[PDB]
Amino acid sequence: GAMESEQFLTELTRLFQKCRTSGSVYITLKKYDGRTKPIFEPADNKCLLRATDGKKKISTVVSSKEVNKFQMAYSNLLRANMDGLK
Amino acid sequence: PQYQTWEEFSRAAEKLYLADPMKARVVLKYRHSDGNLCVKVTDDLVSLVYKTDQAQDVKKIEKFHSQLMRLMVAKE
RNA sequence: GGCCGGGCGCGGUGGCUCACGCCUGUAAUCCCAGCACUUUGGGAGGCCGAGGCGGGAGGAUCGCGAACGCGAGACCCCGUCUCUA
Ligand SMILES: [Mg+2]
Ligand SMILES: [Mg+2]
Ligand SMILES: [Mg+2]
(Lines give C-alpha, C1' and ligand atoms only; values in the text may rest on other atoms or scores of the structure.)
(Ligands and ions follow the chains in the order given, each with its own letter.)
Protein backbone atom coordinates (compact mmCIF):
# COMPACT_ATOMS: atom_id res chain seq x y z
CA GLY A 1 0.00 0.00 0.00
CA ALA A 2 0.89 3.67 -0.32
CA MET A 3 2.61 5.38 2.61
CA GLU A 4 4.67 8.40 3.69
CA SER A 5 8.26 8.35 2.44
CA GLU A 6 9.68 7.72 5.91
CA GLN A 7 7.48 4.69 6.56
CA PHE A 8 8.35 3.42 3.08
CA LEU A 9 12.03 3.28 4.09
CA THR A 10 11.22 1.28 7.23
CA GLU A 11 9.07 -1.17 5.27
CA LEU A 12 11.70 -1.40 2.52
CA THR A 13 14.30 -2.46 5.10
CA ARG A 14 11.90 -5.15 6.31
CA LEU A 15 11.39 -6.33 2.73
CA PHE A 16 15.15 -6.74 2.22
CA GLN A 17 15.34 -8.63 5.51
CA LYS A 18 12.45 -10.92 4.55
CA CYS A 19 14.09 -11.72 1.19
CA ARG A 20 17.58 -12.34 2.54
CA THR A 21 17.21 -16.13 2.62
CA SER A 22 15.20 -16.29 -0.60
CA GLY A 23 13.46 -14.15 -3.20
CA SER A 24 13.89 -10.96 -5.21
CA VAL A 25 13.48 -7.38 -4.05
CA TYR A 26 12.16 -5.19 -6.87
CA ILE A 27 12.33 -1.39 -6.68
CA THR A 28 10.84 0.83 -9.39
CA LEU A 29 11.43 4.57 -9.77
CA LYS A 30 9.50 6.90 -12.11
CA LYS A 31 8.69 10.57 -12.54
CA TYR A 32 5.15 11.22 -11.25
CA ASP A 33 2.88 14.03 -12.46
CA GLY A 34 0.21 13.67 -9.78
CA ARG A 35 -2.45 11.93 -11.86
CA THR A 36 -5.01 9.81 -9.98
CA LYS A 37 -7.09 8.61 -12.92
CA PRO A 38 -6.58 7.38 -16.50
CA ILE A 39 -5.41 9.84 -19.17
CA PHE A 40 -5.73 18.35 -13.66
CA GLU A 41 -2.57 20.27 -12.73
CA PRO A 42 0.48 18.11 -13.54
CA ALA A 43 3.28 18.07 -10.95
CA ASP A 44 6.84 18.54 -12.21
CA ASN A 45 8.79 18.04 -8.97
CA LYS A 46 7.69 14.56 -7.89
CA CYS A 47 8.67 10.94 -8.45
CA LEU A 48 7.21 7.68 -7.21
CA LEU A 49 8.89 4.60 -5.83
CA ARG A 50 7.42 1.13 -5.54
CA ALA A 51 8.92 -1.92 -3.89
CA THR A 52 7.80 -5.53 -3.85
CA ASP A 53 8.94 -9.11 -3.47
CA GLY A 54 6.14 -10.08 -5.88
CA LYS A 55 3.62 -10.61 -3.08
CA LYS A 56 3.85 -7.66 -0.67
CA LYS A 57 3.78 -4.13 -2.11
CA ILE A 58 4.77 -0.74 -0.75
CA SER A 59 4.86 2.66 -2.46
CA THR A 60 5.51 6.34 -1.81
CA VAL A 61 5.85 9.71 -3.50
CA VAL A 62 8.95 11.84 -3.04
CA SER A 63 8.91 15.53 -3.93
CA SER A 64 11.73 18.01 -4.36
CA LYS A 65 10.83 19.14 -0.85
CA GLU A 66 11.78 15.79 0.73
CA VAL A 67 14.34 14.42 -1.73
CA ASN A 68 17.41 15.45 0.34
CA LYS A 69 16.44 13.63 3.54
CA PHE A 70 14.98 10.75 1.55
CA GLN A 71 18.15 10.30 -0.51
CA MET A 72 20.33 10.32 2.60
CA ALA A 73 18.40 7.48 4.20
CA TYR A 74 17.67 5.65 0.96
CA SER A 75 21.27 5.53 -0.28
CA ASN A 76 22.39 4.34 3.15
CA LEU A 77 19.64 1.71 3.10
CA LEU A 78 20.66 0.33 -0.28
CA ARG A 79 24.37 0.15 0.58
CA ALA A 80 23.70 -1.56 3.92
CA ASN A 81 21.17 -4.15 2.68
CA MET A 82 22.70 -5.14 -0.67
CA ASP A 83 25.75 -6.78 0.90
CA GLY A 84 25.58 -10.22 -0.72
CA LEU A 85 27.82 -9.59 -3.75
CA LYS A 86 31.49 -10.34 -4.47
CA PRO B 1 19.87 -5.52 -24.37
CA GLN B 2 22.32 -6.34 -21.57
CA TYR B 3 25.44 -4.19 -21.10
CA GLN B 4 28.74 -5.62 -19.81
CA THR B 5 30.43 -2.23 -19.40
CA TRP B 6 29.01 -0.07 -16.63
CA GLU B 7 29.89 3.41 -17.93
CA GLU B 8 28.49 2.49 -21.33
CA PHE B 9 25.22 1.46 -19.69
CA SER B 10 25.22 4.54 -17.48
CA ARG B 11 25.53 6.89 -20.45
CA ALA B 12 22.94 5.11 -22.62
CA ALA B 13 20.57 4.84 -19.64
CA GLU B 14 20.83 8.56 -18.86
CA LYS B 15 20.36 9.48 -22.54
CA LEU B 16 17.20 7.37 -22.67
CA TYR B 17 15.77 9.01 -19.57
CA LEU B 18 16.47 12.54 -20.79
CA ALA B 19 14.88 11.77 -24.16
CA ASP B 20 11.49 11.42 -22.46
CA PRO B 21 11.43 11.48 -18.62
CA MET B 22 7.74 10.62 -18.18
CA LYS B 23 7.98 7.49 -20.38
CA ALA B 24 11.05 6.09 -18.61
CA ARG B 25 11.17 3.78 -15.61
CA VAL B 26 14.16 2.65 -13.55
CA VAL B 27 14.01 -0.78 -11.97
CA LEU B 28 16.32 -2.46 -9.43
CA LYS B 29 16.24 -6.15 -8.58
CA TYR B 30 18.28 -7.59 -5.73
CA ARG B 31 18.75 -11.27 -4.89
CA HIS B 32 20.80 -11.75 -1.73
CA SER B 33 20.56 -15.54 -1.94
CA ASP B 34 22.15 -15.54 -5.41
CA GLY B 35 24.41 -12.58 -4.70
CA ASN B 36 23.41 -10.52 -7.73
CA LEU B 37 21.92 -7.16 -8.59
CA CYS B 38 20.19 -5.96 -11.74
CA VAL B 39 19.33 -2.48 -12.97
CA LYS B 40 17.15 -1.58 -15.93
CA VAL B 41 16.07 1.59 -17.67
CA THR B 42 13.29 1.24 -20.24
CA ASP B 43 10.75 3.38 -22.11
CA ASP B 44 9.04 0.24 -23.53
CA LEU B 45 10.68 0.84 -26.91
CA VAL B 46 14.13 -0.10 -25.62
CA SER B 47 15.26 -1.93 -22.47
CA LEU B 48 18.75 -1.18 -21.21
CA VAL B 49 19.98 -3.75 -18.69
CA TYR B 50 23.08 -4.10 -16.50
CA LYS B 51 23.44 -7.24 -14.37
CA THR B 52 26.23 -7.82 -11.86
CA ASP B 53 27.58 -9.89 -9.00
CA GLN B 54 30.48 -7.52 -8.21
CA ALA B 55 30.16 -5.58 -4.95
CA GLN B 56 31.83 -2.45 -6.34
CA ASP B 57 28.84 -1.98 -8.67
CA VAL B 58 26.41 -1.57 -5.75
CA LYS B 59 27.70 1.94 -5.04
CA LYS B 60 27.71 2.72 -8.77
CA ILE B 61 24.14 1.52 -9.24
CA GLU B 62 22.94 3.24 -6.08
CA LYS B 63 24.47 6.59 -7.09
CA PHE B 64 23.02 6.16 -10.59
CA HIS B 65 19.56 5.40 -9.20
CA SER B 66 19.97 8.39 -6.89
CA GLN B 67 21.01 10.82 -9.61
CA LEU B 68 18.06 9.93 -11.83
CA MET B 69 15.75 10.46 -8.86
CA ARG B 70 17.09 13.99 -8.37
CA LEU B 71 16.55 14.72 -12.06
CA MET B 72 12.95 13.48 -11.89
CA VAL B 73 12.07 15.94 -9.14
CA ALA B 74 13.81 18.93 -10.74
CA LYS B 75 11.23 21.26 -12.30
CA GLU B 76 11.79 22.37 -15.91
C1' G C 1 -20.27 -2.72 -18.95
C1' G C 2 -15.79 -2.12 -16.74
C1' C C 3 -10.50 -1.22 -14.69
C1' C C 4 -7.74 -1.47 -9.99
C1' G C 5 -2.68 -6.22 -12.94
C1' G C 6 0.06 -10.11 -16.09
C1' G C 7 3.51 -14.35 -17.80
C1' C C 8 6.39 -18.97 -17.13
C1' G C 9 7.61 -23.25 -13.98
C1' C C 10 5.64 -26.54 -10.25
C1' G C 11 1.36 -28.47 -7.43
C1' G C 12 -3.90 -28.49 -8.18
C1' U C 13 -8.86 -28.29 -11.06
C1' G C 14 -13.01 -30.59 -16.36
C1' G C 15 -11.53 -25.43 -16.45
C1' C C 16 -10.90 -20.36 -13.93
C1' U C 17 -9.69 -18.20 -9.28
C1' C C 18 -5.36 -20.15 -6.18
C1' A C 19 -0.34 -21.81 -2.97
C1' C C 20 5.08 -21.95 -3.78
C1' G C 21 9.42 -20.56 -7.14
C1' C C 22 10.92 -17.33 -10.99
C1' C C 23 10.16 -12.94 -14.57
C1' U C 24 7.69 -8.58 -14.16
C1' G C 25 3.29 -3.91 -14.86
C1' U C 26 0.00 0.49 -13.35
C1' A C 27 -1.58 7.07 -11.07
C1' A C 28 -4.63 2.80 -9.32
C1' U C 29 -4.78 0.07 -2.59
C1' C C 30 -6.45 -3.62 0.99
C1' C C 31 -8.84 -8.17 1.31
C1' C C 32 -12.43 -12.72 0.99
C1' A C 33 -12.60 -18.15 -1.22
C1' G C 34 -15.24 -18.59 -4.20
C1' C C 35 -17.20 -19.56 -9.67
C1' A C 36 -22.56 -20.95 -15.99
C1' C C 37 -17.27 -20.63 -16.31
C1' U C 38 -13.31 -19.98 -21.30
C1' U C 39 -13.42 -11.79 -22.14
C1' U C 40 -13.76 -17.04 -15.67
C1' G C 41 -16.16 -16.09 -8.23
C1' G C 42 -16.75 -11.98 -4.31
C1' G C 43 -16.22 -7.42 -0.55
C1' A C 44 -14.44 -2.34 0.87
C1' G C 45 -12.68 2.13 -1.35
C1' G C 46 -11.46 4.80 -5.97
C1' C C 47 -12.07 6.04 -11.00
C1' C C 48 -14.27 6.43 -16.65
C1' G C 49 -13.26 3.94 -19.88
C1' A C 50 -12.38 -1.37 -20.83
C1' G C 51 -11.65 -6.07 -23.09
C1' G C 52 -11.41 -10.03 -26.91
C1' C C 53 -8.93 -11.57 -31.31
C1' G C 54 -4.94 -11.10 -35.08
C1' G C 55 0.10 -9.27 -36.16
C1' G C 56 4.91 -7.19 -34.42
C1' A C 57 11.45 -8.83 -37.94
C1' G C 58 9.30 -3.07 -30.36
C1' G C 59 11.01 -5.66 -25.85
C1' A C 60 13.33 -7.23 -21.06
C1' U C 61 12.74 -12.19 -19.56
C1' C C 62 12.02 -17.48 -19.19
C1' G C 63 12.89 -22.02 -21.58
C1' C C 64 13.97 -26.34 -25.27
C1' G C 65 16.72 -29.49 -28.84
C1' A C 66 21.51 -29.52 -29.05
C1' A C 67 26.64 -29.09 -27.57
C1' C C 68 23.88 -23.86 -34.40
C1' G C 69 18.49 -24.05 -34.64
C1' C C 70 14.12 -22.86 -32.07
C1' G C 71 9.94 -21.83 -28.58
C1' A C 72 7.25 -18.88 -25.02
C1' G C 73 6.89 -13.85 -23.45
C1' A C 74 5.74 -9.03 -18.58
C1' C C 75 5.39 -4.28 -20.68
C1' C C 76 4.80 -1.60 -25.27
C1' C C 77 3.00 -0.76 -30.53
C1' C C 78 -0.24 -1.57 -34.87
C1' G C 79 -4.77 -3.57 -37.01
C1' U C 80 -9.69 -5.16 -35.91
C1' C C 81 -14.15 -6.35 -33.29
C1' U C 82 -17.22 -5.87 -29.02
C1' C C 83 -19.23 -3.72 -24.22
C1' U C 84 -20.86 0.55 -20.94
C1' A C 85 -22.81 2.23 -15.75
MG1 LIG D 1 -1.55 -5.52 -17.88
MG1 LIG E 1 -9.53 -13.53 -7.85
MG1 LIG F 1 8.49 -10.24 -30.97
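By convention in this document, chain letters (A, B, ...) are assigned in the order of the sequence lines, proteins followed by strands, and residues within each chain are numbered from 1. These values consider heavy atoms only, across backbone and side chains, with no hydrogens, waters or symmetry-generated copies.
Between C/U13 and C/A60 there is no base pair of the Watson-Crick or G-U wobble kind with both of its two distances under 3.5 Å. Pairing check for C/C35 against C/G15: the two satisfy the Watson-Crick or G-U wobble geometry, each of the two atom distances being under 3.5 Å. The base of C/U29 does not engage C/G9 as a Watson-Crick or G-U wobble partner with both distances under 3.5 Å.
Ion pair A/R14/A/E11 flagged as a salt bridge, since at least one NZ, NE, NH1 or NH2 atom sits closer than 4.0 Å to an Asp/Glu carboxylate oxygen.
The torsion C1'-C2'-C3'-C4' is the criterion here, and for C/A19 it is positive, giving a north pucker. The pentose of C/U82 is categorized as north (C3'-endo side) on the basis of a positive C1'-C2'-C3'-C4' torsion. Using the sign of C1'-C2'-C3'-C4' as the criterion, C/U39 is classed as a south pucker. When the pucker is read from the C1'-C2'-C3'-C4' torsion, the sugar belonging to C/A60 turns out north, on the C3'-endo side. A negative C1'-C2'-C3'-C4' torsion places the sugar of C/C48 in the south, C2'-endo-side range.
In this model, the phosphate group of C/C22 is not approached by any side-chain N or O of B/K29 to a distance below 4.0 Å at OP1 or OP2. Residue B/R25 has no polar side-chain atom (N or O) positioned under 4.0 Å from OP1 or OP2 of C/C75. Within the 4.0 Å cut-off from OP1 or OP2 of C/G21, at least one side-chain nitrogen or oxygen of A/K55 is found. Put simply, A/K37 has no side-chain N or O that comes within less than 4.0 Å of OP1 or OP2 on C/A27. Taking 4.0 angstrom as the limit, A/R35 places none of its side-chain polar atoms (N or O) nearer than this to OP1 or OP2 of C/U26. B/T42 has no side-chain polar atom (N or O) that falls below the 4.0 Å cut-off from OP1 or OP2 of C/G59.
One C1' atom belongs to C/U39, the other to C/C16, and the distance between them is 12 Å to the nearest Å. Taking atom P in both C/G59 and C/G65, the straight-line distance is 27 Å, to the nearest Å. For the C1' atoms, the distance linking C/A66 with C/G2 amounts to 48 Å, nearest Å. Using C1' as the reference atom, C/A28 and C/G63 are 33 Å apart when rounded to the nearest Å. C/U17 sits 16 Å from C/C10 when the P atoms are compared, rounded to a whole Å. As rounded to the nearest Å, C/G41 and C/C78 have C1' atoms that lie 34 Å from one another. Across C/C37 and C/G58, the matching P atoms stand 38 Å from one another, rounded to whole Å. C/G49 and C/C3 are spaced 8 Å apart, taking the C1' atom of each and rounding to whole Å.
Pairing for C/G41 goes to C/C32, judged as Watson-Crick or G-U wobble with the two contacts each under 3.5 Å. Figure legend. C/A66 is base-paired to no nucleotide; pairs are counted as Watson-Crick or G-U wobble with both atom distances under 3.5 Å. Pair assignment for C/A74 gives none, since no Watson-Crick or G-U wobble pairing has each distance under 3.5 Å. In this structure, C/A57 makes no Watson-Crick or G-U wobble pair, since no nucleotide meets both defining distances under 3.5 angstrom. Using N1 to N3 plus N6-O4 or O6-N4 for Watson-Crick, or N1-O2 and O6-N3 for G-U wobble, each under 3.5 Å, C/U82 pairs with C/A50.
Contact of the A/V62 side chain with the A/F8 side chain is not registered, since no non-hydrogen atoms from C-beta on lie closer than 4.5 Å.
Consecutive bases C/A33 and C/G34 are counted as unstacked, their six-membered rings not meeting the limits of centres under 5.5 Å apart and planes tilted under 30°. Under the 5.5 Å and 30° stacking definition, the step from C/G56 to C/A57 does not qualify as stacked.
The listed nucleotides are C/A60, C/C22, C/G49; the one nearest the side chain of B/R31 is C/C22. Minimum atom distance to the side chain of A/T52 is reached by C/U24, of the listed C/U24, C/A27, C/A60. Nearest to the side chain of B/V49, among C/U24, C/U26, C/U61, sits C/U61. Comparing atom distances between the B/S47 side chain and each of C/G59, C/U26, C/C30 picks out C/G59 as nearest. When distances run from any side-chain atom of A/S22 to the nucleotides C/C30, C/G21, C/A27, the shortest one goes to C/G21.
Looking at heavy-atom distances under 4.0 Å, B/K51 makes contact with sugar-phosphate atoms alone, never a base. The residue B/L48 sits apart from the nucleic acid: no heavy atom pair falls under 4.0 Å. A/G23 comes within contact range of the sugar-phosphate backbone alone, with a heavy-atom separation under 4.0 Å but no base atom that close. Here A/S24 lies in heavy-atom contact (under 4.0 Å) with sugar-phosphate atoms only. If you check every strand for non-hydrogen atoms under 4.0 Å, A/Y32 touches sugar and phosphate atoms only.
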Under 3.5 Å, sequence neighbours excluded: what are the donor-acceptor pairs made by side chains of residues 72-86 of chain A?
| residue | atom | partner | partner atom | Å |
| --- | --- | --- | --- | --- |
| A/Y74 | OH | B/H65 | ND1 | 3.2 |
| A/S75 | OG | A/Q71 | O | 2.7 |
| A/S75 | OG | A/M72 | O | 3.2 |
| A/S75 | OG | A/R79 | NH2 | 3.4 |
| A/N76 | OD1 | A/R79 | NH1 | 3.1 |
| A/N76 | OD1 | A/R79 | NH2 | 3.3 |
| A/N76 | ND2 | A/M72 | O | 2.9 |
| A/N81 | ND2 | A/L77 | O | 2.7 |
| A/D83 | OD1 | A/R20 | NH1 | 2.8 |
| A/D83 | OD1 | A/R20 | NH2 | 3.3 |
| A/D83 | OD2 | A/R20 | NH2 | 2.9 |

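Using modelled atom types, one finds a donor on one side chain and an acceptor on the other under 3.5 Å when comparing B/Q56 with B/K60. No hydrogens or angles considered: nothing links the side chains of B/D43 and B/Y17 as a donor-acceptor pair under 3.5 Å. In summary, the side chains of A/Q7 and A/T10 do not present any donor paired with an acceptor at a separation below 3.5 Å, with no hydrogens or angles considered. Using modelled atom types and a 3.5 Å distance limit, the side chains of B/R25 and A/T28 yield no donor-acceptor pair.
Between the side chain of A/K30 and the base of C/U26, no donor-acceptor pair of N or O atoms lies under 3.5 Å. A donor and an acceptor atom never sit less than 3.5 Å apart when one is taken from the side chain of B/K40 and the other from the base of C/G59.
One can place CD of B/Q2 at 9 Å from P of C/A60, the figure rounded to the nearest angstrom. Here C/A28 presents its P atom at 13 Å from CD1 of A/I39, a figure rounded to the nearest Å. Put simply, CZ on A/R50 is 9 Å from P on C/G25, counting in whole angstrom units.
A continuous path of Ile, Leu, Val, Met, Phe, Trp and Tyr side chains, each step under 4.5 Å between heavy atoms, connects B/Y30 with B/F64, placing both in one hydrophobic cluster.
In this structure, B/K23 and B/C38 both approach RNA chain C, and ranking their closest nucleotides by distance from the 5' end singles out B/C38. If you find the closest nucleotide of RNA chain C to A/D53 and to A/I58, the one lying nearer the 5' end belongs to A/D53.
Ring geometry for B/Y3 versus B/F9: interplanar angle over 60°, hence perpendicular rather than tilted (30 to 60°).
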